[PDB]
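Take a look at the structure below.
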Amino acid sequence: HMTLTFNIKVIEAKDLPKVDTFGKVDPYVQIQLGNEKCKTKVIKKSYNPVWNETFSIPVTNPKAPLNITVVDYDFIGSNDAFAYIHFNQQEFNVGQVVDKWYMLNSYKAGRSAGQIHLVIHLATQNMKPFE
């Protein structure tokens with residue numbers, strides 16, 4: 001198959017900042033590739049959340065940037081994104097499994113946003129995800 005898919009495992013994050021009104025942070029991760037968006041579950045009150053959630057996103061637009069954001073779920077207000085990492089799709093080679101910790105960028109400069117642990121595998125449709 002010629003159609004490519006981004007297989008992304010959102011494993012965990014560490015050292016997230018305190019951003020929620022009623023304590024710590026309630027983090028989830030949103031993955032954006034063009035018009036395609038998906039998100040993890042919310043982990044309650046955790047600076048070192050572990051999600052272990054896997055996504056498979058088809059590449060229909062080869063120019064869309066891959067944008068990964070960490071967001072604080074607010075049960076009584078707007079959910080505020082506080083950190084991101086973004087990639088050109090060509091930063092990943094077809095067939096390569098990249099298992100890495102990334103330093104998160106804070107939207108508000110000068111604050112630490114922690115790190116995120118992702119497995120990213122740009123794959124053809126029959127390749128076993130992450131293998």
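Order determines the names: the first chain of the structure tokens is A, the second B, and so forth; residues in each chain are numbered 1 upward, and ligands are numbered 1 upward as they are shown.
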Residues near stretch 32-37 of chain A, anyone? I mean within 10 Å using only C-alpha atoms, not counting same-chain ones fewer than 2 positions away, as a VMD selection string. chain A and resid 6 29 to 30 39 57 to 69 86 to 87 89
Could you please take those selected residues and save C-alpha atoms as a JSON list (two decimals), in the first residue's frame?
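What follows is the written file out14.json:
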[["chain", "number", "residue", "atom", "x", "y", "z"],
["A", 6, "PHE", "CA", 1.16, 7.97, 11.50],
["A", 29, "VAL", "CA", -2.80, 15.18, 24.93],
["A", 30, "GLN", "CA", -4.27, 16.32, 21.62],
["A", 39, "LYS", "CA", -7.04, 13.18, 22.12],
["A", 57, "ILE", "CA", -3.78, 8.72, 11.70],
["A", 58, "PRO", "CA", -3.90, 8.41, 7.90],
["A", 59, "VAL", "CA", -1.77, 10.81, 5.91],
["A", 60, "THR", "CA", -4.08, 12.38, 3.36],
["A", 61, "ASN", "CA", -2.21, 15.72, 3.25],
["A", 62, "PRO", "CA", 1.59, 15.38, 3.17],
["A", 63, "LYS", "CA", 2.14, 19.09, 4.02],
["A", 64, "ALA", "CA", 0.14, 19.20, 7.25],
["A", 65, "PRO", "CA", 2.34, 19.79, 10.31],
["A", 66, "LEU", "CA", 2.08, 17.31, 13.15],
["A", 67, "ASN", "CA", 1.15, 19.28, 16.26],
["A", 68, "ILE", "CA", 1.04, 17.70, 19.71],
["A", 69, "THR", "CA", -0.40, 19.71, 22.60],
["A", 86, "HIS", "CA", 5.36, 20.38, 16.43],
["A", 87, "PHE", "CA", 7.02, 18.61, 13.53],
["A", 89, "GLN", "CA", 6.11, 15.32, 8.67]]
Wanna dump the stretch 5-26 of chain A-stretch 101-113 of chain A contacts at 9 Å for me, each residue with its shortest atom pair and the distance in Å to one decimal, counting only C-alpha atoms, ordered by chain and number, as JSON lines?
{"residue": "A:13", "atom": "CA", "partner": "A:101", "partner_atom": "CA", "distance": 8.6}
{"residue": "A:14", "atom": "CA", "partner": "A:113", "partner_atom": "CA", "distance": 8.9}
{"residue": "A:15", "atom": "CA", "partner": "A:113", "partner_atom": "CA", "distance": 7.1}
{"residue": "A:16", "atom": "CA", "partner": "A:113", "partner_atom": "CA", "distance": 5.4}
{"residue": "A:17", "atom": "CA", "partner": "A:113", "partner_atom": "CA", "distance": 5.8}
Contact residues around residue A:94 with only C-alpha atoms at 8 Å, ignoring same-chain residues under 5 positions, as a ChimeraX atom specification: /A:121-124
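If you measure from each of A:19, A:77, A:28, A:38 to residue A:56 using only C-alpha atoms, the closest one turns out to be A:38.
Every protein, DNA or RNA residue with an atom at most 10 Å from residue A:26, where only C-alpha atoms count and chain neighbours fewer than 2 positions away do not, is listed here: residues 16, 18, 19, 20, 22, 23, 24, 28, 41, 42, 43, 44, 45, 46, 47, 49, 70, 71, 72, 73, 74, 75 and 79 of chain A.
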Those of chain A in DSSP strand (DSSP E), formatted as a ChimeraX atom specification: /A:4-14,27-33,36-39,50-58,66-72,80-87,97-103,105-106,115-124
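Atom CA of residue A:119 is positioned 4.3 Å from atom CA of residue A:99.
Atom CA of residue A:116 to atom CA of residue A:3 spans 27.6 Å [interatomic distance, one decimal].
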